[PDB]
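Residue numbers (the authors' numbering), protein chains in the order written: chain A, 204 to 428, 449 to 456; chain A', 204 to 406. A prime marks a further copy of an entry chain.
The beta carbon of each residue, even a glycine, is placed where N, CA and C say it ideally should be.
The structure under discussion appears below in the form of C-alpha cells.
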Amino acid sequence: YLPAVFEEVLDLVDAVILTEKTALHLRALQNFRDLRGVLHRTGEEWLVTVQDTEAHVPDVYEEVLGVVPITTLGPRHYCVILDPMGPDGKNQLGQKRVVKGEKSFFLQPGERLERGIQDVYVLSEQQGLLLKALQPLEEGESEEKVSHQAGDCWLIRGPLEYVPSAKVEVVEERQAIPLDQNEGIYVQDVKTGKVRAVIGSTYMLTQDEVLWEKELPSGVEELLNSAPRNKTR
Amino acid sequence: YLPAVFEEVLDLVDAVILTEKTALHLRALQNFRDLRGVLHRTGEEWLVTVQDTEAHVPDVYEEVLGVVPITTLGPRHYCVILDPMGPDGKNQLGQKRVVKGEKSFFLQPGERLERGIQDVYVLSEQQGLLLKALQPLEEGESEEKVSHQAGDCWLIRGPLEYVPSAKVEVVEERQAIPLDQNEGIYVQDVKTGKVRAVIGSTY
C-alpha cells in the first residue's frame, strides 16, 4: 500500500484471532458502522465472536477492551450473572440471572458473576439444605412448586440436585445426625419453643427445629463415669 | 529451484513424517485451502495423520503446534476425555467422554484426559465398588440398567469389570471383611441408624 501525498500512515493493525474459546470486547469511539454493517453509537459496547468472523480487526471507530473467555458451565456447575443482559439489549442493573446445565457462553458487556462457576448442589438421602425466601411468594420456580412467604425458612432433603433459585438464599447444610437403638438427641421447635427428645432411628431436623442443650446439675461426673459430653445428645 | 528476481527465498521446509504413532497439530494463520483442498479459516485447528499423507508439509498458512501421540487404550484400560469433539466439529466444553476396549486414537484439538489412561476396574467376588450418582436418574447406561437418583449411593460387587460411567463417581473399594464360625462385626445402617451385629459367613 503506497501512502498518498495527502494520506499519512500511523501503524499496522492486527485482527485478533477469534476462536470458539475467545470473544472480542469492543466499544464505539463515535457513531459508525462496523465491517458487517451494524449500527454502533458512541459509548455502546458489544462482543465479537467466531459467528461474526474468525478474526475481527480493531477499527479506528472501535476501542479494544479485552478478550472475553467463553464462561463454560460444566455438567454439574452453575453461576449467578449480575446485571444480566435483558432482551432489550441493556444490562438489568440491580438484578441477577441463574444459568446451568452443560452450558457455555460469553459474558455480555458490563456484567459479572456472584461467585463464578459454582458446583451445583448434589445431596443424598442423609443430606439436606436449609433455605430462606428472601423475596416474594414464589409459587412456581423451585423444586417443590409451592409458595414461600418472604422471610420464613424451609428445608429441602432427598437424593436430588438443587441450585440457588433467583429468589432464595441457602442458610446451612442439614446433616450429621445418625441415631440407633436407645439413642437420640434433644430438639427445640423454635416457632413454638416445644423442647422434645427424639430417639431410635436417624432423624434430620425439620425446618423449624434445632439442637437443644440439656444441663445436668453436678450429675455429670456420676453417670459419665476425658471428652466433654455432648449436652445435646 | 532458481529464485526469480521478484521472489525471495527464506528457508527450506521439512515435511514432518506422519507415522501411525504420530499426528500433526496445525492451526490456520489465514483463510485458505491446504494441499488436499480442505477449507481452513483463521484460528481453526486440525489434525493430520497417515490417512491424509505420510508426510505433510508445514505450509505458510499453517502454524505447527506439536506432534500428537496416538493415545492407545490397552485391553483393560480406559480414559475420560475432557471437552470431547462433538459431531459438529467443536469441543463440547464443560462436558466429558468415556472410551475403552482396545481402542487407539489421536487426541482431537483443544482436549485432554482427566487422569489419562486408567486401569479398567476389575474386581472379584470379594471386591466391591461404592458409587455415587452425581447427575440425573440414568435408567440406562450402567451395568445394572436401573435408575439412580441424583445424590444417593450404591454398591456394585461380583466377579466383573466396571468403569466410571460419564455420570457417576467412585467413592470407595468395598473389601476386607472375612468372617468364620463364631465371628463377625458390628454394622450400622446409616439411613435408619439401625446398629446390628452380623456373624458367621463372610459379609
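C-beta neighbour in chain A' for residue i, strict 8 Å
i	result
residue 280(A)	yes
residue 277(A)	yes
residue 325(A)	yes
residue 381(A)	yes
residue 329(A)	yes
residue 245(A)	no
residue 404(A)	yes
residue 223(A)	yes
residue 227(A)	no
residue 363(A)	yes
residue 257(A)	yes
residue 345(A)	no
residue 412(A)	no
residue 220(A)	yes
Chain A contact for residue i (CB, 8 Å cutoff)
i	result
residue 312(A')	no
residue 242(A')	no
residue 398(A')	yes
residue 297(A')	yes
residue 385(A')	no
residue 393(A')	yes
residue 355(A')	yes
residue 337(A')	yes
residue 352(A')	yes
residue 348(A')	no
residue 293(A')	yes
Beta-carbon contacts of residue i that lie in its chain and below 8 Å, excluding the five residues immediately before and after
i	result
residue 247(A')	230 and 231
residue 286(A')	294, 295, 296, 297, 298, 299, 313, 314 and 315
residue 221(A)	227, 251, 252, 253, 255, 256, 257, 258 and 259
residue 358(A)	331, 332, 333, 334, 377, 407, 408, 409 and 410
residue 455(A)	388, 389, 414, 415, 416 and 417
residue 368(A)	301, 341, 344 and 345
residue 350(A')	340, 341 and 342
residue 425(A)	none
Proximity to residue i [Cα-Cα], best of the options
i	options	result
residue 215(A)	296(A), 236(A), 422(A) and 261(A)	261(A)
residue 245(A')	259(A), 251(A) and 244(A)	259(A)
residue 362(A')	267(A'), 219(A'), 346(A') and 327(A')	327(A')
residue 273(A)	309(A), 284(A) and 218(A)	309(A)
residue 394(A')	389(A), 398(A) and 403(A)	403(A)
residue 321(A')	240(A'), 346(A'), 289(A') and 276(A')	276(A')
residue 383(A)	368(A), 405(A), 392(A) and 391(A)	405(A)
residue 317(A)	341(A), 284(A) and 343(A)	284(A)
residue 267(A)	239(A), 292(A), 450(A) and 219(A)	219(A)
residue 237(A')	264(A'), 217(A') and 223(A')	264(A')
residue 289(A)	271(A), 306(A), 311(A) and 307(A)	311(A)
residue 224(A)	249(A), 412(A) and 271(A)	271(A)
residue 301(A')	340(A'), 398(A'), 344(A') and 329(A')	344(A')
residue 412(A)	392(A), 208(A) and 372(A)	392(A)
Close beta carbons around residue i, own chain, < 7 Å, minus the five adjacent residues each side
i	result
residue 162(A')	It is not possible to answer for residue 162(A'), since the shown part of chain A' is limited to 204 through 406.
residue 323(A)	279, 280, 281, 303, 364 and 366
residue 269(A')	228
residue 407(A)	331, 360, 377 and 380
residue 387(A')	400, 401, 402 and 403
residue 319(A)	282
residue 338(A)	353 and 370
residue 242(A')	236
residue 239(A')	255
residue 398(A)	389, 391 and 415
Same chain, Cβ closer than 6 Å to residue i, neighbours up to 5 away in sequence not counted
i	result
residue 396(A)	none
residue 206(A)	212
residue 325(A')	364
residue 307(A')	273 and 275
Residue(s) in a DSSP beta bridge with residue i
i	result
residue 375(A')	333(A')
residue 210(A)	Residue 210(A) is not bridged to any residue.
residue 261(A')	In DSSP, residue 261(A') forms no bridge with anything.
residue 382(A)	In DSSP, residue 382(A) forms no bridge with anything.
Length-filtered (3 minimum) beta strand (DSSP E) runs lying within the region 330–372 of chain A': 331–336, 356–359 and 363–365
Quiz prompt | Every unbroken beta strand (DSSP E) within the region 284–333 of chain A, with a cutoff of 3 residues, ordered by chain | solution = 299–303, 307–309 and 324–326
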